[PDB]
Each structure stands twice: as C-alpha cells, then as structure tokens.
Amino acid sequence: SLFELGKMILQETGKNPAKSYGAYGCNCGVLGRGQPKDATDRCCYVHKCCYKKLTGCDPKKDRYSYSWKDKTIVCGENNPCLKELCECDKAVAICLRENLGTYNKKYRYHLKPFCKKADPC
C-alpha cells in the first residue's frame, strides 16, 4: 500500500516521501502516467507499468510485509500479487534513490493535468 511504498522510499532515499514524490512530474504519486519529465519521473512510470499486471490486488491500499535487512528492502512472501506489488515498490524506491542527483524541485508539485499522454505500457 502507499504506507509500505512510502516507508521504502524513506529508507532508501532518506527523504520525506510524500513531500518529494507524492506529486512529482507526470508520473510520481497521485494519478496515472504521463510523458516523463526526467529520470526520477521515469522511475514512477516504470512503477505504474509494473502495477498494471496486479489486477488481483490493490497497489494503493493493500498492505504487505517487507523488512529492512542490511540496508536492503526484502519482500516477505505473500500471495503472488502482493509479492509482485512489493517488488514493484522496492524497485521504484531504489530507482528514485539512484536518481536523486537529478531530482528537480521544479517538478515537485507539477500540474499533472497538462502532462502529455504516456506511451502505452
């Protein structure tokens, strides 16, 4: 759920997750996808494409178990949908962290209605 996703983001990046990523660019946080603005935004595009397969569960609301072990996100076993979900969230948290060096605060609260349409996943 958003709770685990947020915690992962914090653990990896060290940043307040909703502040930095709850509304970033055309793809991070709320709403759907859009033409990406930059690498941070692309992480979120990938993230939301990863979610598409998860028709058996709810990426926003469904809780799942993971642990932080040796500064690594380790998804707990669960049902396949929640496990895959956890792995989508792990991957975006790592990607956002990896791309902190080009994070641009001008995109932090991007006006998403004006984004151009995303390519299909």
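Heads up: residue numbers just count along the shown sequence, starting at 1. Just so we're on the same page, rigid core means the largest C-alpha set that superposes within 1.5 Å between forms.
- Of 24 to 32 and 85 to 93, the stretch whose C-alpha atoms sit farther from the shown form in 4 other deposited structures of this protein, after fitting on the rigid core, is 24 to 32.
- Annotation: of the segments 39 to 47 and 53 to 61, 53 to 61 departs further from this form in 4 other deposited structures of this protein (C-alpha atoms, root mean square over structures and residues, core superposition).
- According to the PDB record, 69 to 77 carries the higher mean C-alpha B-factor of the two stretches 85 to 93 and 69 to 77.
- Of the two stretches examined, 95 to 103 and 108 to 116, the record assigns the greater average C-alpha temperature factor to 108 to 116.
- Residues shown: 26, 57, 46, 39. Highest C-alpha temperature factor in the entry: 57.
- Compared with the other modelled residues of the chain, the Cα B-factor recorded for residue 8 ranks in the lowest third.
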